[PDB]
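Chains, contacts and geometry: an overview
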Amino acid sequence: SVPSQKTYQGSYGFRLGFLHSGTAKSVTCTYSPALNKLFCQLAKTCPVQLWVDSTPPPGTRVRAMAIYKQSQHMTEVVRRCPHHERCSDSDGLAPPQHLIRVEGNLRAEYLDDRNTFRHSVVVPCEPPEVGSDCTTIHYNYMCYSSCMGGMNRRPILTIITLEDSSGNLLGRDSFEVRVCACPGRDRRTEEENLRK
Ligand SMILES: CNCc1ccc2c(c1)c1ccccc1n2CC(F)F
Ligand SMILES: [Zn+2]
């Protein structure tokens, strides 16, 4: 009824990482460690790093799913709003209803869960390129937090799960997301609010 959001490193030491993009007015994606919250513009690249302490088995996958953060909305499926689901911005692979897309990965698979109706996107877990210490997935969020008839100003969390080839849990991490026109200003505002 509600997916778990419990952080779980598991046997492989799985956890996320984020770049340090700053809060300039021109920034398109920026992560707040103090808030555990990503702020991003609509349909812009969101780099999320995947870190492990040891190599998981061949066939391991990485899934992303959004849920509402507030308990009174958590059973409602997070989906694109009535406008954006109809705006014909398909990449040829993501269903138009899905909020979260993976950019530039032809092996991405999009699931409409037959029992919960929730959306998710899953990719094979690949090792870092030679010379790199982590792997990066590029996500896009395809509606604003404010979209009426969709998220409607309700905060969401993205849950990232490391899964075996059957879909069993190997690791889990999560972060809040706000999709907004000015992520740098909004991060600054929310960090100052938290500090006060
Ligand atoms: C020093 N660098 C460690 C590191 C970090 C991330 C890594 C791996 C190794 C690794 C090895 C095999 C397959 C996937 C791997 N990942 C992606 C996984 F975190 F999602
Ligand atoms: Zn929308």
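So, how was this worked out
- Residues numbered from 1 in each chain as written, not as in the entry; some residues may be left out.
- Chains lettered and ligands numbered in written order.
- Heavy atoms only, no water.
- Near = heavy atom within 4 Å.
- Polar contact = N/O pair within 3.5 Å; in protein donor to acceptor, adjacent residues only side chain to side chain.
- Areas by Shrake-Rupley, 256 points an atom, 1.4 Å probe, with all protein chains shown as cover.
- Nonpolar A, V, L, I, M, F, W, Y, C, P; charged D, E, K, R; others polar.
- 1 Å grid on protein atoms, 1.4 Å probe; cavity = no way out; pocket = protein on both sides within 12 Å on 5 of 7 lines; lining within 4 Å.
- Points joined across faces, edges and corners; volume = space filled by probe spheres on them.
- Helix = DSSP H or I, 4+ residues; strand = E, 2+ residues; numbered from the N terminus.
- Salt bridge = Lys/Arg side-chain N within 4 Å of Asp/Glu carboxyl O.
- Buried < 20%, exposed > 50% of the residue type's maximum accessible area, 1.4 Å probe, protein only.
- Core = buried A, V, L, I, M, F, W, Y, C linked by side-chain atoms within 4.5 Å.
- Contact = heavy atoms within 4.5 Å.
- UniProt positions renumbered as here; feature names shortened; annotations may be inferred.
- Donors = N, O, S within 2.8 Å, 3.2 Å for Na, K, Ca; no water.
- Tetrahedral: all angles 85-135°; square planar, octahedral: opposite > 155°, others 65-115°.

What follows covers the site of ligand 1. Close to ligand 1 lie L50, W51, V52, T55, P56, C125, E126, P127, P128, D133, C134 and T135, which account for all nearby residues. The backbone of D133 places a nitrogen or oxygen atom 2.5 Å from a nitrogen atom of ligand 1. If ligand 1 stood free it would expose 470 Å²; the protein chains cover 81% of that surface. Of the residues in the shell around ligand 1, the class split is eight nonpolar, two polar and two charged.

In this structure, the largest pocket encloses a volume near 350 Å³. For the lining of the largest pocket, the secondary structure elements donating two or more residues are β8 (119-124) and β9 (135-141). Per-element tally for the lining of the largest pocket: the top contributor is β9, with four residues. Across the lining of the largest pocket, the residue classes break down as nine nonpolar, six polar and four charged. Reported here for the second largest pocket is a volume of approximately 300 Å³. Lining the second largest pocket we find 14 residues, and of these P3, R63, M65, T161 and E163 sit closest to its centre. Contributing elements (two or more residues each) for the lining of the second largest pocket: β5 (61-68), β10 (156-163) and β11 (169-179). Counting residues per element, the lining of the second largest pocket draws most heavily on β10, at three residues.

Where charged atoms of side chains with opposite charge meet at close range, the side chains can pair. Within this structure, the stated rule accounts for 13 salt bridges. Residue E176 is joined to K37 by a salt bridge in which the shortest nitrogen-to-oxygen separation is 2.9 Å. Residue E176 is found in strand β11, and its partner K37 is found in strand β3 (residues 37-40); the two are separated by 139 residues along the sequence. Each member of the pair, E176 as well as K37, carries the same accessibility label: buried. Overlapping salt bridges, with partners in common, bring together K37, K69, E176 and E190 in one network.

This paragraph deals with the nonpolar core. Core analysis: the biggest nonpolar cluster contains 38 residues, and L38, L99, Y139, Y141 and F175 have the highest contact counts within it. Every residue in contact with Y139, bar those within four places of it in the chain, is listed here: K44, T45, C46, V48, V62, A64, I100, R101, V102, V121 and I160.

This paragraph deals with the environment of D173. Within the element layout of this structure, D173 appears in strand β11. Along the primary structure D173 and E190 are separated by 17 residues, whereas in three dimensions their C-alpha atoms are 22 Å apart. Residues in contact with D173, not counting those within four places in the same chain, are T7, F14, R15, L16, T158, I159 and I160. A distance of 3.0 Å separates a polar atom in the side chain of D173 from the backbone nitrogen of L16.

Further remarks concern the UniProt feature "binding site: Zn(2+)" in the protein chain. UniProt tags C81, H84, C143 and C147 as "binding site: Zn(2+)". In sequence the annotated residues extend across 67 residues, while in space they remain close, none of their C-alpha pairs exceeding 8.7 Å. Tracing the backbone shows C81 in the loop between β5 and β6 (100-102). The class of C81 is buried, set by a relative accessible area of 3%. Look past the residues within four positions of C81 in its chain and what remains in contact with it is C143, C147, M148, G149 and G150. Among the structural elements, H84 can be located in the loop between β5 and β6. Ignoring any residue separated from it by four or fewer positions in sequence, one finds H84 in contact with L42, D89, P96, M142, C143 and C147.

What follows is about the coordination of the zinc ion (ligand 2). Around the zinc ion (ligand 2), the donor atoms from the protein are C81 (SG), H84 (ND1), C143 (SG) and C147 (SG), and they sit 2.0 to 2.3 Å away. In this structure, the zinc ion (ligand 2) is coordinated by four donor atoms arranged in tetrahedral fashion, with angles at the metal of 106 to 116°. The sequence pattern describing where the donors of the zinc ion (ligand 2) fall on their chain is C-x2-H-x58-C-x3-C. Grouping residues by exposure puts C143 and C147 together as buried.

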